[PDB]
Every structure is written in C-alpha cells, then in structure tokens.
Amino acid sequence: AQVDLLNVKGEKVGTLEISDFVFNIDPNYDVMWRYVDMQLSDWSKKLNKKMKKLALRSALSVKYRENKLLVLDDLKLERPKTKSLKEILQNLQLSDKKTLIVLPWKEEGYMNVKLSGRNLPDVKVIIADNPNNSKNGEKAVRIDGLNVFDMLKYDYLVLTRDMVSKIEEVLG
C-alpha cells in the first residue's frame, strides 16, 4: 500500500510504501470490537496474541481505507508550545478535526509535542514507547500505548515515518 509522506508545513515530501498486511486488510470488526471491550472492562495465549494484533491491524486498516491516515516525515518540537502544534495541525488541515497523534520514542522532541497537545481538546498525543527503566541489555520493539479504542474514537490518525516502521516491525 502507499501513503503520502508529509512535512509539518503540510507539503508532500515523498510516497511511503507501507504493509498491506498491516494497513490494508479487510478489518475484522468482531475482533476489533472485542478488543475495545477488553481494554474498557499455550495455543490459547498464542491465538490471543494474534487476535490482539489483528484488532490493531483492523483499526489501522480502517484509518487507511477511510483516508484518515496521515504520515509525517517527523513531528518534533524544540520547545513545548500549544500554538506550535495548533499551527502544524492547521497546515495539515486538521484544525477542526479530532486527531490522534502517535509518536515513536520517549525523547524530548516528542515529549514536547505531547505537552503541546495537552490544551488542545480533540487532540490526543500518545508516545508509543513505554520502557520504564532501561530494561537489562535488550529492549524489545513495542508499540505499547497504540490501542484500538483511541484509533476509532479519534477521526484522524497521524503517525511519523519511524512510527510506521515500529508498527510494521511489531504487526507485520
């Protein structure tokens, strides 16, 4: 599948190739709603993991197929400032839209975007990187925080290129 890669000025900077397995499957609505319920209220464990990933892929596919997915080359702010994020959202023609922004790493530039979204109702920013401590030696690639409920609650989904890569590494 393909999606335009945009910058914070709202200009197209490339054409990103993304996995059809992750972003363009026929959404399994039953599995998707089942996981929304779970977040709100051996072979089995493996099957359950697969169902959970299918729920996420179904939701991402809904966003892609409904033309509600935007991917930016990157989205960082040198300093937190609500107006800065508001201006970027205006450039992306999302000023009046409910938007979920999902960032890849717990680093200053992304934390600043999350802080800048605090005072914008209708915008939720998730940093899908929750390692707590620096886990001994190895750190798995995880997209903890990305959830079906928010993807369906918010009209548009904004990801960065590296966030797409993380999603593909986990769900692909």
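The first residue of the sequence shown is number 1, and the count goes up from there.
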property	result
Unresolved deposited residues in the interval that joins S41 and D42	10 or more
Stretch exceeding the other in mean C-alpha B-factor - 78-86, 97-105	78-86
Comparing 114-122 with 128-136, the one whose average Cα B-factor in the PDB entry is higher	128-136
Residue with maximal Cα B-factor (values as given in the PDB entry) among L54, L70, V36, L60	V36
